[PDB]
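Input: a single structure, listed below in structure tokens.
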Amino acid sequence: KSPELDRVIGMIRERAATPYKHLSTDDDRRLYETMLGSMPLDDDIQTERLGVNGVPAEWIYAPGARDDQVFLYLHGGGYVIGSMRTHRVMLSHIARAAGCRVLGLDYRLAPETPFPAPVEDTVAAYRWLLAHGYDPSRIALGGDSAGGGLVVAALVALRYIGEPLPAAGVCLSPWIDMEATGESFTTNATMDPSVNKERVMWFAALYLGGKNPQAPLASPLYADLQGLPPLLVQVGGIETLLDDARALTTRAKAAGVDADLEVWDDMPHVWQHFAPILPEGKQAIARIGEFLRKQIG
């Protein structure tokens, strides 16, 4: 009922109103860009496009950034849409809050390049960091929705191929279950203005390219989470993805991982995206900054 929240909900509903199933993939991508395009990058943010082991990526950082601390970021958008164009402003807020550099990946999207391309890209990028002298103890992975699941999957993959693990993971409204079996997909169906089971199914079919929906790297709900670094998980109380965040946290703790779950009342899917215009978004990002400062600081 805050005016700021009302405004965010309005922007979300305007996008969510448009029939996406009749749109070309690129029109769906652009529709996402359109929603977020009204919030410009601060004038003092530095960015640079580059390839990291072949993956298109972008440095994003505010003045006074510690150049040795890196938040490797995986954007959301169902593994189908999203990019630094949609995510760079939020990332600049996190960068500034954490006092670190962000390295955001424009990782391979489906249907052009389906699962497990994003996991491969995340590993390639992390290997690039290590090859260029960044210390695992000063690197954290982060991601929202699809990217949030990808953080977990990438961490498991890295352990499986014997890479030194990074210091932490951050998951924002993580999507960890291709089949959308979480009960909140039923109970929060009318509470959640952004995300519903239909749309998730749409993304999963495109991401999977016919592969097993329960594959641990697509659905880390089924992955071995042993040995992962401390996780911060944020999610909104009205989200259909609420149970994905809870299930991830429960499974991580059972695996002996240090996982902290924050359920933010009344907040929509990836509300941190609207930090420039939403107090709760700035508050949540401040929390992320504190977590990163603790882990990679």
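By convention here, the chains of the structure tokens are called A, B, ... in the order presented, each chain's residues are numbered starting at 1, and ligands are numbered starting at 1 in the order presented.
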Contacts of stretch 251-263 of chain A within 9 Å, only C-alpha atoms, excl. fewer than 3 positions in-chain, as JSON, numbers by chain: {"A": [221, 224, 225, 226, 227, 228, 229, 230, 231, 232, 233, 234, 235, 236, 237, 242, 245, 246, 247, 248, 267]}
Residues within 10 Å of residue A:125, only C-alpha atoms, excluding chain neighbours under 4 positions, as a list in words: residues 51, 52, 53, 54, 55, 56, 57, 72, 103, 104, 105, 107, 119, 120, 121, 129, 130 and 131 of chain A
DSSP-assigned strand (DSSP E or B) among stretch 109-239 of chain A, expressed as an MDAnalysis selection string: chainID A and resid 139:144 168:172 231:236
7 Å contact set for residue A:269, only C-alpha atoms, chain neighbours under 4 positions out, as a PyMOL selection string: chain A and resi 173+194+236+239
Those same residues - N, CA, C and O atoms - I'd like them written as a PDB file, in the first residue's frame.
```
ATOM      1  N   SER A 173      14.908 -14.587  -5.459  1.00  0.00           N
ATOM      2  CA  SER A 173      13.733 -15.249  -6.030  1.00  0.00           C
ATOM      3  C   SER A 173      14.163 -16.383  -6.972  1.00  0.00           C
ATOM      4  O   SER A 173      13.715 -16.447  -8.121  1.00  0.00           O
ATOM      5  N   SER A 194       3.500 -11.013 -11.132  1.00  0.00           N
ATOM      6  CA  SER A 194       4.568 -11.175 -12.125  1.00  0.00           C
ATOM      7  C   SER A 194       4.653 -12.574 -12.713  1.00  0.00           C
ATOM      8  O   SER A 194       4.875 -12.747 -13.915  1.00  0.00           O
ATOM      9  N   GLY A 236      10.061 -12.876  -2.118  1.00  0.00           N
ATOM     10  CA  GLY A 236       8.882 -12.147  -1.679  1.00  0.00           C
ATOM     11  C   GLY A 236       7.817 -13.080  -1.128  1.00  0.00           C
ATOM     12  O   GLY A 236       7.680 -14.214  -1.586  1.00  0.00           O
ATOM     13  N   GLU A 239       5.109 -14.454  -3.616  1.00  0.00           N
ATOM     14  CA  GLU A 239       5.603 -15.093  -4.835  1.00  0.00           C
ATOM     15  C   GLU A 239       5.129 -16.519  -5.063  1.00  0.00           C
ATOM     16  O   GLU A 239       5.121 -17.345  -4.140  1.00  0.00           O
TER      17      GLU A 239
END
```
All alpha helix (DSSP H) residues (DSSP, backbone) inside stretch 43-264 of chain A, as JSON, numbers by chain: {"A": [84, 85, 86, 87, 88, 89, 90, 91, 92, 93, 94, 95, 96, 97, 98, 117, 118, 119, 120, 121, 122, 123, 124, 125, 126, 127, 128, 129, 130, 131, 146, 147, 148, 149, 150, 151, 152, 153, 154, 155, 156, 157, 158, 159, 160, 184, 185, 186, 187, 197, 198, 199, 200, 201, 202, 203, 204, 205, 206, 207, 208, 242, 243, 244, 245, 246, 247, 248, 249, 250, 251, 252, 253, 254]}
Proximity to residue A:206 - best of A:218, A:31, A:191, A:277, only C-alpha atoms: A:218
Contacts of residue A:35 within 9 Å, only C-alpha atoms, excl. fewer than 3 positions in-chain, as JSON, numbers by chain: {"A": [11, 12, 14, 15, 30, 31, 32, 38, 86]}
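With distances restricted to only C-alpha atoms, A:213 is the closest residue to residue A:180 from A:114, A:213, A:3, A:40.
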Selection: 12 Å around residue A:63, only C-alpha atoms, excl. self and same-chain fewer than 2 positions, as a VMD selection string: chain A and resid 42 to 47 60 to 61 65 to 67 92 to 93 95 to 101
